[PDB]
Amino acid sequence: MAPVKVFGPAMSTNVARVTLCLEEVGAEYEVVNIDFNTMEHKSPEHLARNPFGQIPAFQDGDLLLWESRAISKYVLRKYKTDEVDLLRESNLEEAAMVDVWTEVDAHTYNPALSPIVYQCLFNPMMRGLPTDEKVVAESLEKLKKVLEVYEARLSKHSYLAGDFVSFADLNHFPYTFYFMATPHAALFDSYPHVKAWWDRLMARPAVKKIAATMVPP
């Protein structure tokens, strides 16, 4: 049988980006673990998939992909329907706003939020490494300034790209989910339109399914 394969730990943020997209479009898939403890990500077998030796990678027949956003867009295109059109590529202005807010995640929001996840969650929980409180403080101040902008945006529309959910919103889910596992989760409550947006995403069945994979089973 023909499920597509995602390679990497299911709970890894960038894997969860891809599995969320797969769930949203109703595609059949399997997640194949990659064991970092044996350097499997640097094995020749995995380097054939991603020559830079990272996860996720992805296989659909003879096509091997890497870079979570590239994988995700392939999925969103391949399995597109009229009812689940998360890129909006037939409407140039809508597609442009999807792209803008996807880029805002990559270049503005995630660089502010991710260090807090690293320092407050990944460091202590993965290998028991310390937290750098200077990094956390600096990042929180940058994140507050980002959230001020998101608060204004999400007072004008229910989602980032307009009055429709899109890949832009989905891209914010994996790292933000882990931010909600840190002691700084309540920050979002100070930006009520951002909180309402987050709650809307968390209510989505595909998001619930992937959130359940981002915990300890």
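The numbering used is simple: start at 1 and walk along the sequence shown.
In at least a third of the other compared PDB entries, does residue 134 have no coordinates?
Per the records, residue 134 goes unmodelled in at least a third of the other entries.
Would you say residue 151 goes unmodelled in a third or more of the other compared entries?
That residue is present in all of the other compared entries.
Mean CA B-factor: is it higher for 77-85 or for 103-111?
It is 77-85.
Per the record, averaged over C-alpha atoms, which has the higher B-factor: 142-150 or 127-135?
Higher of the two, by average CA B-factor, is 127-135.
From 176, 68, 37, 166, pick the one with the largest CA B-factor in the entry?
So the option with the highest C-alpha B-factor is 37.
Third of the chain's Cα B-factor distribution that residue 121 belongs to, per the entry
Its C-alpha B-factor belongs to the middle third of this chain's values.
Could you place residue 182 in the lowest, middle or highest third of its chain by Cα temperature factor, using the values in the record?
Within its chain, residue 182 is a highest-third residue by C-alpha B-factor, going by the deposited values.
Residue 41 - Cα temperature factor, lowest/middle/highest third of chain:
Within its chain, residue 41 is a middle-third residue by C-alpha B-factor, going by the deposited values.
CA B-factor placement of residue 56, once the chain's modelled residues are sorted into thirds:
As the PDB entry reports it, the C-alpha B-factor of residue 56 lands in the lowest third of its chain.
Could you look up the Cα B-factor of residue 212 in the entry and say which third of the chain it sits in: lowest, middle or highest?
For residue 212, whose C-alpha B-factor we compare with every modelled residue in the chain, the answer is the highest third.
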